$ cat target.tsv   # TSV, C-alpha atoms and all ligand atoms
chain	number	residue	atom	x	y	z
Y	1	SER	CA	72.92	97.32	125.63
Y	2	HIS	CA	75.12	100.09	124.21
Y	3	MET	CA	75.23	102.77	121.52
Y	4	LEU	CA	78.29	102.72	119.25
Y	5	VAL	CA	79.43	105.62	117.04
Y	6	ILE	CA	82.21	104.78	114.57
Y	7	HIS	CA	83.47	107.88	112.77
Y	8	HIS	CA	86.26	109.34	110.63
Y	9	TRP	CA	89.36	110.67	112.40
Y	10	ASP	CA	89.38	114.19	110.92
Y	11	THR	CA	87.42	117.29	111.89
Y	12	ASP	CA	84.64	116.29	109.48
Y	13	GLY	CA	84.20	112.95	111.23
Y	14	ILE	CA	84.67	114.20	114.79
Y	15	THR	CA	82.12	116.99	114.40
Y	16	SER	CA	79.75	114.53	112.71
Y	17	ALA	CA	80.07	112.26	115.75
Y	18	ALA	CA	79.30	115.09	118.17
Y	19	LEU	CA	76.30	116.18	116.08
Y	20	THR	CA	74.99	112.60	116.03
Y	21	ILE	CA	75.52	112.12	119.77
Y	22	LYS	CA	73.71	115.36	120.60
Y	23	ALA	CA	70.81	114.79	118.20
Y	24	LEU	CA	70.11	111.36	119.68
Y	25	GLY	CA	70.10	112.62	123.28
Y	26	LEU	CA	72.59	109.90	124.22
Y	27	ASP	CA	73.68	109.60	127.85
Y	28	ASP	CA	75.60	106.33	127.37
Y	29	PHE	CA	77.66	105.97	124.19
Y	30	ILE	CA	80.95	104.56	122.90
Y	31	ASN	CA	82.70	106.50	120.13
Y	32	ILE	CA	85.69	105.01	118.29
Y	33	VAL	CA	87.65	105.49	115.07
Y	34	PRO	CA	89.27	102.89	112.79
Y	35	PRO	CA	93.08	102.92	112.61
Y	36	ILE	CA	94.26	106.11	110.92
Y	37	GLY	CA	95.01	105.60	107.24
Y	38	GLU	CA	94.03	101.92	107.23
Y	39	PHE	CA	90.48	102.34	105.88
Y	40	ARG	CA	89.30	99.00	107.27
Y	41	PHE	CA	87.82	97.61	110.46
Y	42	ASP	CA	90.37	96.00	112.78
Y	43	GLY	CA	89.83	93.71	115.76
Y	44	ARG	CA	88.99	96.56	118.14
Y	45	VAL	CA	86.22	97.99	115.93
Y	46	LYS	CA	84.76	94.55	115.18
Y	47	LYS	CA	84.48	93.68	118.88
Y	48	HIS	CA	82.63	96.90	119.75
Y	49	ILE	CA	80.14	96.15	116.97
Y	50	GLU	CA	79.26	92.76	118.47
Y	51	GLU	CA	78.87	94.22	121.97
Y	52	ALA	CA	76.84	97.27	120.95
Y	53	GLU	CA	73.11	97.22	120.21
Y	54	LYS	CA	72.97	99.89	117.47
Y	55	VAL	CA	75.85	101.27	115.41
Y	56	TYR	CA	76.33	104.62	113.66
Y	57	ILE	CA	79.08	104.89	111.02
Y	58	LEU	CA	80.01	108.43	109.95
Y	59	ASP	CA	82.23	109.85	107.15
Y	60	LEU	CA	83.80	106.43	106.47
Y	61	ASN	CA	83.91	105.66	102.71
Y	62	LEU	CA	84.37	101.90	103.44
Y	63	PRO	CA	81.06	100.15	102.51
Y	64	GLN	CA	82.73	96.72	101.89
Y	65	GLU	CA	83.19	96.54	105.69
Y	66	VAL	CA	79.68	97.79	106.52
Y	67	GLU	CA	78.27	95.10	104.21
Y	68	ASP	CA	79.20	92.42	106.79
Y	69	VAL	CA	77.75	94.16	109.88
Y	70	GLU	CA	75.12	92.04	111.66
Y	71	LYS	CA	73.70	94.87	113.81
Y	72	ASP	CA	71.08	97.56	113.23
Y	73	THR	CA	73.23	100.22	111.56
Y	74	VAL	CA	72.76	103.72	110.18
Y	75	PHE	CA	75.56	104.57	107.73
Y	76	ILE	CA	75.87	108.29	106.93
Y	77	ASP	CA	78.48	109.51	104.43
Y	78	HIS	CA	79.08	111.99	101.62
Y	79	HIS	CA	81.80	110.21	99.63
Y	80	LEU	CA	81.11	108.66	96.26
Y	81	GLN	CA	80.40	105.04	97.15
Y	82	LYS	CA	78.53	101.87	96.23
Y	83	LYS	CA	74.96	101.16	97.35
Y	84	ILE	CA	74.97	98.85	100.39
Y	85	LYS	CA	72.89	95.70	99.98
Y	86	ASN	CA	72.88	94.68	103.68
Y	87	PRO	CA	69.26	95.24	104.83
Y	88	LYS	CA	70.34	95.87	108.43
Y	89	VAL	CA	72.13	99.01	107.17
Y	90	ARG	CA	70.19	102.21	106.40
Y	91	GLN	CA	72.43	104.14	104.03
Y	92	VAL	CA	72.05	107.93	104.04
Y	93	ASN	CA	74.12	109.49	101.24
Y	94	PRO	CA	73.06	112.64	99.34
Y	95	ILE	CA	75.02	111.45	96.31
Y	96	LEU	CA	73.42	108.02	95.90
Y	97	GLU	CA	70.06	109.68	96.68
Y	98	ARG	CA	70.78	111.79	93.53
Y	99	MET	CA	70.65	115.13	95.42
Y	100	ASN	CA	73.26	117.79	94.71
Y	101	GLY	CA	76.62	117.15	96.35
Y	102	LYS	CA	77.49	120.85	96.44
Y	103	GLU	CA	74.64	121.27	98.94
Y	104	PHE	CA	76.47	118.68	101.09
Y	105	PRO	CA	80.16	119.63	101.22
Y	106	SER	CA	80.91	117.49	104.30
Y	107	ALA	CA	79.48	114.65	106.34
Y	108	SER	CA	78.67	117.28	108.98
Y	109	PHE	CA	76.19	118.91	106.59
Y	110	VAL	CA	74.71	115.50	105.76
Y	111	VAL	CA	74.36	114.65	109.45
Y	112	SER	CA	72.89	118.06	110.24
Y	113	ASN	CA	70.33	117.74	107.43
Y	114	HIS	CA	69.57	114.18	108.58
Y	115	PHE	CA	68.78	115.31	112.15
Y	116	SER	CA	67.80	118.93	111.31
Y	117	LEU	CA	70.35	120.05	113.91
Y	118	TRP	CA	72.50	122.98	112.73
Y	119	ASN	CA	75.22	124.53	114.89
Y	120	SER	CA	78.86	125.55	114.60
Y	121	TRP	CA	80.01	121.91	114.45
Y	122	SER	CA	78.14	121.71	111.15
Y	123	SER	CA	80.40	124.45	109.82
Y	124	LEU	CA	83.62	122.91	111.19
Y	125	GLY	CA	82.95	119.69	109.28
Y	126	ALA	CA	82.56	121.66	106.06
Y	127	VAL	CA	85.75	123.63	106.70
Y	128	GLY	CA	87.61	120.41	107.49
Y	129	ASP	CA	86.71	118.90	104.10
Y	130	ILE	CA	86.71	121.75	101.56
Y	131	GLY	CA	88.56	124.38	103.55
Y	132	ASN	CA	88.04	128.01	102.61
Y	133	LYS	CA	85.42	127.07	100.00
Y	134	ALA	CA	82.98	126.25	102.82
Y	135	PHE	CA	82.76	129.98	103.58
Y	136	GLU	CA	81.23	130.56	100.14
Y	137	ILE	CA	78.18	128.75	101.55
Y	138	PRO	CA	76.25	131.28	103.69
Y	139	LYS	CA	75.20	128.57	106.17
Y	140	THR	CA	78.83	128.20	107.29
Y	141	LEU	CA	79.60	131.76	108.40
Y	142	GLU	CA	76.11	132.25	109.86
Y	143	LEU	CA	76.45	129.25	112.17
Y	144	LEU	CA	80.01	130.23	113.10
Y	145	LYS	CA	78.67	133.73	113.84
Y	146	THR	CA	76.35	132.50	116.61
Y	147	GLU	CA	79.42	131.23	118.49
Y	148	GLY	CA	81.30	134.46	117.66
Y	149	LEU	CA	84.00	132.77	115.59
Y	150	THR	CA	85.96	134.20	112.67
Y	151	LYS	CA	86.98	132.47	109.45
Y	152	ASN	CA	90.55	132.04	110.72
Y	153	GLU	CA	89.32	130.78	114.10
Y	154	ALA	CA	87.53	127.88	112.40
Y	155	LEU	CA	90.50	127.15	110.11
Y	156	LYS	CA	92.69	127.07	113.23
Y	157	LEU	CA	90.22	124.72	114.92
Y	158	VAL	CA	90.42	122.32	111.97
Y	159	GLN	CA	94.20	122.18	112.32
Y	160	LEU	CA	93.98	121.61	116.09
Y	161	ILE	CA	91.38	118.83	115.82
Y	162	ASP	CA	93.13	117.28	112.81
Y	163	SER	CA	96.41	117.38	114.76
Y	164	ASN	CA	95.28	114.32	116.73
Y	165	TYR	CA	94.83	111.97	113.77
Y	166	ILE	CA	97.97	113.27	112.03
Y	167	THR	CA	100.01	112.32	115.10
Y	168	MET	CA	98.40	108.83	114.94
Y	169	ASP	CA	96.61	109.21	118.31
Y	170	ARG	CA	93.49	107.05	118.14
Y	171	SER	CA	92.65	107.85	121.76
Y	172	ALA	CA	93.09	111.62	121.41
Y	173	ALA	CA	91.12	111.61	118.16
Y	174	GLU	CA	88.29	109.75	119.89
Y	175	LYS	CA	88.40	111.99	122.98
Y	176	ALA	CA	88.16	115.06	120.72
Y	177	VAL	CA	84.48	114.16	120.32
Y	178	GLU	CA	83.90	114.54	124.08
Y	179	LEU	CA	85.80	117.85	124.15
Y	180	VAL	CA	83.72	119.30	121.30
Y	181	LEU	CA	80.56	117.99	123.01
Y	182	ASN	CA	81.44	119.41	126.43
Y	183	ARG	CA	83.38	122.61	125.67
Y	184	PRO	CA	82.71	125.70	123.55
Y	185	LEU	CA	84.70	125.78	120.33
Y	186	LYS	CA	86.28	129.08	121.36
Y	187	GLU	CA	87.59	127.34	124.50
Y	188	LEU	CA	89.21	124.55	122.49
Y	189	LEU	CA	91.22	127.16	120.57
Y	190	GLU	CA	93.23	127.40	123.82
Y	191	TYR	CA	93.41	123.63	124.47
Y	192	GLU	CA	97.10	123.04	125.18
Y	193	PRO	CA	97.36	119.32	124.23
Y	194	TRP	CA	96.10	120.07	120.72
Y	195	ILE	CA	98.35	123.13	120.41
Y	196	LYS	CA	101.43	121.05	121.29
Y	197	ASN	CA	100.57	118.59	118.51
Y	198	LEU	CA	100.20	121.32	115.87
Y	199	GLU	CA	103.62	122.93	116.45
Y	200	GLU	CA	105.37	119.63	115.70
Y	201	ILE	CA	103.21	119.03	112.61
Y	202	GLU	CA	103.81	122.36	110.86
Y	203	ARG	CA	107.56	121.98	111.40
Y	204	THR	CA	107.55	118.54	109.76
Y	205	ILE	CA	105.30	119.62	106.86
Y	206	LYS	CA	107.81	122.29	105.81
Y	207	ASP	CA	110.36	119.51	105.23
Y	208	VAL	CA	108.11	117.69	102.76
Y	209	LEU	CA	107.23	120.94	100.98
Y	210	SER	CA	110.97	121.57	100.43
Y	211	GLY	CA	111.47	118.47	98.28
Y	212	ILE	CA	108.70	118.89	95.71
Y	213	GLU	CA	108.97	118.82	91.92
Y	214	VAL	CA	106.61	119.88	89.15
Y	215	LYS	CA	105.59	118.94	85.60
Y	216	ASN	CA	102.67	120.27	83.52
Y	217	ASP	CA	101.74	122.41	86.57
Y	218	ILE	CA	101.28	119.14	88.53
Y	219	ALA	CA	103.16	118.84	91.83
Y	220	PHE	CA	104.96	115.54	92.53
Y	221	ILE	CA	105.76	115.30	96.25
Y	222	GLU	CA	107.55	112.20	97.57
Y	223	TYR	CA	108.47	111.59	101.21
Y	224	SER	CA	108.74	109.01	104.00
Y	225	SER	CA	107.11	109.58	107.39
Y	226	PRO	CA	104.90	107.93	110.04
Y	227	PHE	CA	102.62	110.99	110.28
Y	228	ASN	CA	99.41	111.06	108.24
Y	229	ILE	CA	100.29	114.39	106.65
Y	230	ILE	CA	99.53	113.16	103.11
Y	231	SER	CA	96.01	114.70	103.35
Y	232	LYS	CA	97.30	118.21	104.05
Y	233	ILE	CA	100.31	118.00	101.72
Y	234	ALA	CA	98.05	117.41	98.72
Y	235	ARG	CA	95.80	120.26	99.86
Y	236	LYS	CA	98.71	122.62	100.54
Y	237	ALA	CA	100.18	121.88	97.11
Y	238	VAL	CA	96.93	122.54	95.23
Y	239	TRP	CA	94.86	124.82	97.50
Y	240	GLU	CA	97.63	127.12	98.80
Y	241	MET	CA	100.58	126.90	96.40
Y	242	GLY	CA	98.19	127.03	93.41
Y	243	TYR	CA	99.27	123.99	91.39
Y	244	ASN	CA	96.71	122.34	89.13
Y	245	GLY	CA	97.35	118.87	90.55
Y	246	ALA	CA	99.32	117.10	93.26
Y	247	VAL	CA	100.53	113.50	93.40
Y	248	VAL	CA	101.77	112.84	96.94
Y	249	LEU	CA	103.52	109.56	97.80
Y	250	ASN	CA	104.41	108.34	101.31
Y	251	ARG	CA	106.71	105.35	100.94
Y	252	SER	CA	106.89	104.25	104.59
Y	253	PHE	CA	103.53	104.82	106.28
Y	254	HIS	CA	103.76	102.12	108.97
Y	255	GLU	CA	105.03	99.23	106.83
Y	256	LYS	CA	102.70	100.24	103.99
Y	257	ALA	CA	102.69	102.77	101.19
Y	258	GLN	CA	100.30	105.69	100.80
Y	259	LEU	CA	99.52	107.82	97.74
Y	260	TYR	CA	97.21	110.80	97.28
Y	261	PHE	CA	96.13	112.42	94.00
Y	262	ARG	CA	94.29	115.74	94.29
Y	263	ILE	CA	93.38	118.06	91.42
Y	264	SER	CA	91.95	121.55	91.16
Y	265	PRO	CA	88.44	122.23	89.82
Y	266	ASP	CA	90.10	123.35	86.56
Y	267	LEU	CA	91.25	119.76	85.88
Y	268	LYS	CA	88.07	118.24	87.34
Y	269	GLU	CA	86.64	117.75	83.84
Y	270	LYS	CA	89.80	116.66	82.01
Y	271	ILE	CA	90.50	113.93	84.60
Y	272	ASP	CA	87.96	111.28	85.58
Y	273	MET	CA	88.80	110.85	89.24
Y	274	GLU	CA	85.87	108.44	89.61
Y	275	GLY	CA	87.16	106.11	86.91
Y	276	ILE	CA	90.65	106.11	88.39
Y	277	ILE	CA	89.09	104.98	91.67
Y	278	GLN	CA	87.29	102.06	90.02
Y	279	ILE	CA	90.42	100.96	88.14
Y	280	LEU	CA	92.34	100.99	91.42
Y	281	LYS	CA	89.57	99.12	93.25
Y	282	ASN	CA	89.30	96.48	90.52
Y	283	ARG	CA	93.10	95.98	90.82
Y	284	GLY	CA	92.67	95.12	94.52
Y	285	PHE	CA	93.86	98.44	95.93
Y	286	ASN	CA	92.34	99.98	99.06
Y	287	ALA	CA	91.41	103.18	97.23
Y	288	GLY	CA	88.68	105.78	97.62
Y	289	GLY	CA	87.98	109.44	97.21
Y	290	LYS	CA	85.87	112.08	95.53
Y	291	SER	CA	85.62	113.76	92.12
Y	292	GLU	CA	88.78	115.80	92.83
Y	293	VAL	CA	90.87	113.73	95.28
Y	294	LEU	CA	92.35	110.22	95.40
Y	295	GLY	CA	93.50	108.20	98.38
Y	296	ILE	CA	95.28	104.83	98.43
Y	297	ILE	CA	96.98	102.64	101.01
Y	298	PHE	CA	98.77	99.64	99.57
Y	299	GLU	CA	101.84	97.42	99.70
Y	300	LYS	CA	105.22	99.06	99.20
Y	301	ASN	CA	106.14	96.83	96.25
Y	302	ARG	CA	103.16	98.15	94.23
Y	303	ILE	CA	104.40	101.76	94.23
Y	304	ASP	CA	105.60	101.61	90.63
Y	305	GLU	CA	102.31	100.00	89.57
Y	306	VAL	CA	100.30	102.84	91.16
Y	307	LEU	CA	102.55	105.52	89.70
Y	308	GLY	CA	102.19	104.02	86.22
Y	309	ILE	CA	98.40	104.07	86.43
Y	310	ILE	CA	98.26	107.75	87.40
Y	311	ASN	CA	101.03	108.94	85.09
Y	312	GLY	CA	98.85	107.22	82.49
Y	313	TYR	CA	95.97	109.66	82.91
Y	314	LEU	CA	98.44	112.51	83.47
Y	315	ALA	CA	100.07	111.81	80.09
Y	316	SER	CA	96.90	112.74	78.17
Y	317	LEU	CA	96.87	116.34	79.47
Y	401	LIG	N1	91.77	103.96	100.86
Y	401	LIG	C1	90.58	104.80	100.94
Y	401	LIG	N2	89.29	104.19	100.94
Y	401	LIG	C2	88.11	105.01	101.02
Y	401	LIG	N3	88.24	106.47	101.09
Y	401	LIG	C3	89.59	107.10	101.09
Y	401	LIG	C4	90.71	106.32	101.01
Y	401	LIG	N4	91.77	107.13	101.03
Y	401	LIG	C5	91.32	108.40	101.12
Y	401	LIG	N5	89.97	108.37	101.15
Y	401	LIG	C6	89.06	109.53	101.24
Y	401	LIG	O1	89.45	110.43	100.40
Y	401	LIG	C7	88.98	111.84	101.03
Y	401	LIG	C8	89.95	112.91	100.58
Y	401	LIG	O2	90.93	113.14	101.54
Y	401	LIG	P1	91.19	114.70	101.99
Y	401	LIG	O3	91.52	115.54	100.78
Y	401	LIG	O4	92.36	114.74	102.94
Y	401	LIG	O5	89.95	115.23	102.67
Y	401	LIG	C9	88.98	111.72	102.33
Y	401	LIG	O6	87.68	112.21	102.89
Y	401	LIG	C10	89.19	110.21	102.62
Y	401	LIG	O7	88.26	109.74	103.49
$ encode --input "target.tsv" --output "structure tokens"
Amino acid sequence: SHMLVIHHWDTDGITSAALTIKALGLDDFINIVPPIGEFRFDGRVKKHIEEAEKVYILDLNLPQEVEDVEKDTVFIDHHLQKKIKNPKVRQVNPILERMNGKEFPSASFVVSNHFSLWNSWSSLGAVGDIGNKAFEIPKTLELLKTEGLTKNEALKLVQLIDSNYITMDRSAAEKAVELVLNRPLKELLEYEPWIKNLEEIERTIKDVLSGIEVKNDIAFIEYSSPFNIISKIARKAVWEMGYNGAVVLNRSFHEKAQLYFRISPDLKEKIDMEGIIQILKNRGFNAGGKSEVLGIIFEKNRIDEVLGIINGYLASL
């Protein structure tokens, strides 16, 4: 009786949701996100699934939860993940399907290719996942050009849209899909509620950047905060400050710990980020990522365990 669209909480997932909603010609939909930084379906998500008729899951590297879905489901993602056995799920992943993953930098590009619907939201998703490197793909700037948007304007839009999930606002992150659907991107650059979020986030990121240390050109950044800034801290440490690797640890993310391990393409060969994921998953950790980035949420008492595993690989550099 309803159309459900579960999607990631960042720009990549929010643009993917808008692209999916537009391509399907939906006039009656429910779009939700799982709890930020929990990487699992909670009660709220599970109830919507039972009520909805068809479900779309976008940019959510959590197959173990999709495996149990008893609805007709299309699962689109670009993370490195395991093949889903559930027959009710139609998995669309241009990594499992063996195709090149550099052709698909973000879920937005995967969704666009899936529906053959290319607009500026396609670009935003790419910028929200690989940042400035998305502009080295000609499709990005060209689509941004139609809407008369500059490089910086899209980078600013990623910060504004991301500002919702960083501030832990499930409702504002979900509503961002309606605003992208119903307002030009260049209008949302003026959207005051997002702007107010971003001012408080930059101010608090500077604090974490002040207490960073370094070894072997690897940045070790430890902090405690309820904001989900761990994604940007790892990027800022590697992408902007130029370090070869960043290990970011949040000790008090809402009664749980949170660690991120991002490397530069230079170390992408020397470090097997895929293997480190499997080792963490085998050990019962809620871990996922890509070939250059690591994300974990776990119990506070396993912080030393996690650090030992990663300092393990870091010791062979
Ligand atoms: N516990 C987890 N389970 C599955 N995927 C994760 C997890 N933690 C982080 N990720 C993914 O890792 C990617 C890298 O984060 P980021 O560098 O901020 O884009 C993100 O797209 C996350 O979705």
$ residues_near_ligand --input "target.tsv" --ligand "ligand LIG 401 (chain Y)" --cutoff "9 Å" --atoms "all atoms listed in the file" --output "PyMOL selection string"
chain Y and resi 8+10+12+37-40+59-63+78-81+106+128-130+229-235+258-262+285-290+292-298
$ closest_residue --input "target.tsv" --among "Y:107, Y:155, Y:2, Y:132" --to "residue 71 (chain Y)" --atoms "all atoms listed in the file"
Y:2
$ atom_distance --input "target.tsv" --atom1 "CA of residue 176 (chain Y)" --atom2 "CA of residue 73 (chain Y)"
23.0 Å
$ closest_residue --input "target.tsv" --among "Y:197, Y:140, Y:108, Y:86" --to "residue 58 (chain Y)" --atoms "all atoms listed in the file"
Y:108
$ atom_distance --input "target.tsv" --atom1 "CA of residue 264 (chain Y)" --atom2 "CA of residue 306 (chain Y)"
20.5 Å
$ atom_distance --input "target.tsv" --atom1 "CA of residue 159 (chain Y)" --atom2 "CA of residue 200 (chain Y)"
11.9 Å
$ closest_residue --input "target.tsv" --among "Y:25, Y:131, Y:87, Y:184" --to "residue 68 (chain Y)" --atoms "only C-alpha atoms"
Y:87
